[PDB]
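K.L.:
Whatever this is, show me its structure:
(4 chains, ligands or ions: 6)
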Amino acid sequence: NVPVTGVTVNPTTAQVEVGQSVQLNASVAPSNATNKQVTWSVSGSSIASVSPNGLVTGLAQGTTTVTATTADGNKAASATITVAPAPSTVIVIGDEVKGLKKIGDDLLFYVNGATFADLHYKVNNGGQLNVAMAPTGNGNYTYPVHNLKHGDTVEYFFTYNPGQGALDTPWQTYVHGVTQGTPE
Amino acid sequence: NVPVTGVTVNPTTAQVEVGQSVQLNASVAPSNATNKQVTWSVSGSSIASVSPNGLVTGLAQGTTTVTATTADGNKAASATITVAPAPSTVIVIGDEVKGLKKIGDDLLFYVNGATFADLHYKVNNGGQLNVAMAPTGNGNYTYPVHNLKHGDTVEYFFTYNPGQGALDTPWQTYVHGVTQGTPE
Amino acid sequence: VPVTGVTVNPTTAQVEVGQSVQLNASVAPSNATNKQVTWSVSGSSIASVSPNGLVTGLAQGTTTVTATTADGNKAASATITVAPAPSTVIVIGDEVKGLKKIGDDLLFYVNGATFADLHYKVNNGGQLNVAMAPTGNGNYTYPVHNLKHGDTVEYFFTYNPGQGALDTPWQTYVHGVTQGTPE
Amino acid sequence: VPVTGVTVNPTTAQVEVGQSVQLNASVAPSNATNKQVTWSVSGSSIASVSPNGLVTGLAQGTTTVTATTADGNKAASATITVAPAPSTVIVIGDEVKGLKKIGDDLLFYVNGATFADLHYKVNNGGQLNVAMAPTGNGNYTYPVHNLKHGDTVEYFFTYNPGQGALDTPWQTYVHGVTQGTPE
Ligand SMILES: [Cl-]
Ligand SMILES: [Cl-]
Ligand SMILES: [Cl-]
Ligand SMILES: [Cl-]
Ligand SMILES: [Cl-]
Ligand SMILES: [Cl-]
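P.N.:
Numbering: from 1, shown residues only, chains lettered A, B, ... in the order given. Ligands and ions are numbered 1, 2, ... in the order given. Dropping the coordinates below:
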């Protein structure tokens, strides 16, 4: 018997990174309205997901609009959600002789001090890819894997010849945006 | 003592789908050249990967150039590789009451005959996303998940109320471009 | 007086990027006082919907355009699939020079030369200078990647077909507008 | 007479999309007869390299630009990182109407109106008509998604600030060129 007069969404704006999420609050007026149910909706669902409780999750770079609409009265308020780039910062996961630099959503694989170096890698349940790593020109090597998303699972190991003869590396698993690096 | 005179790559062009691969042949002249080693390289490695044996794998929509260069003489030939879109065709994986349509690289989740329907899903090792599915307006529901790639692993189940009361579905696993559907 | 329900017409439709489909909302009784609806879209990157329910395809994917009633806020949906540009081949030039349009990439080409460069600009971006890749039979190619509908490519070649080097005249390609022959 | 080796200068460099960095190849002995190199790139979608080693950033990612010697075909590499456009906010308009540039999306806005539509065209694409989304305090927003450097946006609004409806004049935004104030 106490009708909804209005709604507002707080925060009214928010920046998340990909895989990051932010809880939104629908504020229904008056305080003692009989029906305080709202429907959450988003106009760019490839940018950000919203749950039935207004938890918003960053899916991909962009700005979108999340709307709370009241069950009683169909009053609507909206917030602007900016999903930001993965920082351009370099994070080393590996050692002097071989591993990864995570550089945003590309992975730069490296082998220092070899006569050659191949990378063997797979992403999620896609197949093995074998690549010869590019020579820097000083006995060092690199190969970029491009455009991973949050939760991409990377299994890789190297083949290379540091002197004595060609050596295989132990496989490693990298999950994009969960494997901790060293922020160098 | 028999020097390389030239090289050609066959096929000279090729279309693959994403996750599809094509073996390329470097033809070194003359036939009895002492050194027949070549280096394979690709100018758009976000489009297609090439192995040290000239196996080319479709990574993402585009056209790129794969080059064989001879170890002896640095003679170069190149092929054009077109990585094609995942067909726009609709493939149903699920039943009368609930599952997926695979429509290119988007997944259309569905629940037929409910008073409401939520989807619970996760991709690779990213987190759970909870979404209320959109009403069609006849007791039916849909929710598109966007832009999966080859080997994306999707675990999902539904919550919905077909009458008696709200019911949870058994979890299912979908691997993008490996789970077989029904081409409808 | 009240409205009771609504569904949308069509319920599912497939478009190419850059193409449109007119949506129409049918609201239960004709003797419903208020007919007017609001159009919205779940996935605005994929498809845009006008205030009168015209859906245009912007990018590959499937999205949900919903009509909600002014009187009632009853809601119904169409599933819109935006299909990618065919990887058919479209030749725009002559035996010596031009593009192949292969979906959203352009394969620029020069046939019969000792080198070939490309000079191109996309819309109001900067000019880029590139050496075209040798094929190994006196011909050259260079892919420009991932053009979107309405992209405007200005370009000319520098090549030497033997009796000395040449700059061709600038041509204008508009992506999804300019046409050629496929074969 | 021969060349013995080469490395590239710089070895690693980071650019924004649309920005450039001059690469230089240093080939072992100065008393190497032939100095000339060929520039190539592993990832042409990410970065373009000119015949004289100028690398321009086209799109987010890391790629390898290699200099190989004409005499010797010795090869060396730089790792190029192309950084995304900051998600800083850039206001281009007044208290009533304009855009926020937020990385590669534009948030169009009208403040203080009873409705607001956007009319926009991108480069030589078609005009799109959209109803701007109510905020719930008499203001309106509408994101345009994923513009690339050099994209040319023509737009005007239809809104009613109370004493009746208005079409504003068309403005031209060029992505990464047009500027405003961030704050
Ligand atoms: Cl979207
Ligand atoms: Cl949006
Ligand atoms: Cl690439
Ligand atoms: Cl390429
Ligand atoms: Cl959607
Ligand atoms: Cl690369």
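
K.L.:
In chain A, mark out all the helices, start to finish.
P.N.:
With DSSP state H as the definition, chain A shows no helices.

K.L.:
Which residue is the nearest non-sequential neighbour of the residue nearest the centre of it?
P.N.:
Nearest to the geometric centre of chain A sits residue A:150, at 3.3 Å (CA atoms, centre = their mean). Using CB to CB, 6 or more residues apart in numbering or on different chains and skipping residues adjacent in sequence, the residue nearest residue A:150 is residue A:19, 3.6 Å away. All C-beta atoms are positioned from the backbone trio N, CA, C, and that covers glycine.

K.L.:
Residue D:81 is in contact with residue A:103, correct?
P.N.:
Yes. Using CB atoms under 8 Å, residue A:103 makes contact with residue D:81 at a distance of 5.4 Å.

K.L.:
ok, whatever residue of chain A ends up closest to chain C - contacts?
P.N.:
Nearest to chain C, among the residues of chain A, is residue A:74, at 4.0 Å (CB to the nearest CB). Each residue near residue A:74 by CB atoms under 8 Å, 6 or more residues apart in numbering or on different chains is listed here: C:68, C:73.

K.L.:
in stretch A:94-110, what counts as buried?
P.N.:
Neighbour counts over stretch A:94-110 (16 or more other CB atoms under 10 Å in any protein chain shown) mark A:94, A:98-110 as buried.

K.L.:
Turn those into JSON lines, including distance to ligand 4.
P.N.:
Formatted as JSON lines, these follow (distance: CB to the ion, whole Å):
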{"residue": "A:94", "distance to ligand 4": "29"}
{"residue": "A:98", "distance to ligand 4": "28"}
{"residue": "A:99", "distance to ligand 4": "28"}
{"residue": "A:100", "distance to ligand 4": "24"}
{"residue": "A:101", "distance to ligand 4": "24"}
{"residue": "A:102", "distance to ligand 4": "25"}
{"residue": "A:103", "distance to ligand 4": "21"}
{"residue": "A:104", "distance to ligand 4": "21"}
{"residue": "A:105", "distance to ligand 4": "20"}
{"residue": "A:106", "distance to ligand 4": "17"}
{"residue": "A:107", "distance to ligand 4": "20"}
{"residue": "A:108", "distance to ligand 4": "20"}
{"residue": "A:109", "distance to ligand 4": "21"}
{"residue": "A:110", "distance to ligand 4": "24"}
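
K.L.:
since we're on the residue in chain A that ligand 2 sits nearest to, how many residues are nearby?
P.N.:
Residue nearest to ligand 2 within chain A (CB to the ion): residue A:44, separated by 3.2 Å. Counted with other CB atoms under 10 Å in any protein chain shown, residues neighbouring residue A:44 total 27.

K.L.:
Look up the closest residue to it, ignoring the ones flanking it.
P.N.:
residue A:64 (3.6 Å).

K.L.:
for the one you found, what are its contacts?
P.N.:
Residue A:64 neighbours (CB under 8 Å, 6+ apart): A:42-45, A:47-48, A:80-81, A:83, C:44, D:143.

K.L.:
And the closest residue to ligand 5 within chain A, how far from chain D?
P.N.:
Relative to ligand 5, the nearest point of chain A is residue A:45 (4.1 Å; CB to the ion). Residue A:45 sits 12 Å away from chain D, going by CB to the nearest CB, to the nearest Å.

K.L.:
Could you give the backbone dihedrals for that residue?
P.N.:
Recorded main-chain torsions at residue A:45 are phi -70, psi -10, according to degrees, to the nearest 10.

K.L.:
isn't it right up against residue B:144?
P.N.:
Yes. Using CB under 8 Å, residue A:45 is in contact with residue B:144, at 7.2 Å.

K.L.:
near chain B, which residues of chain A show up?
P.N.:
By CB under 8 Å from any CB of the partner chain, the residues of chain A that approach chain B are A:19, A:21, A:39-40, A:45-46, A:49-53, A:55, A:57, A:59-60, A:118, A:122-127, A:129-132, A:144, A:146-147, A:149-153, A:175, A:178.

K.L.:
To what extent is residue A:45 buried, counted in neighbours?
P.N.:
For residue A:45, the count of nearby residues is 26 (other CB under 10 Å).

K.L.:
Show me the beta-bridge partners of the residue of chain A closest to ligand 2.
P.N.:
For residue A:44, the beta-bridge assignment (DSSP bridges) gives partners residue C:43.

K.L.:
who are the neighbours in contact with it?
P.N.:
Neighbours of residue A:44 in contact, by CB under 8 Å, 6+ apart: A:62, A:64-65, C:43-45, D:143, D:145.
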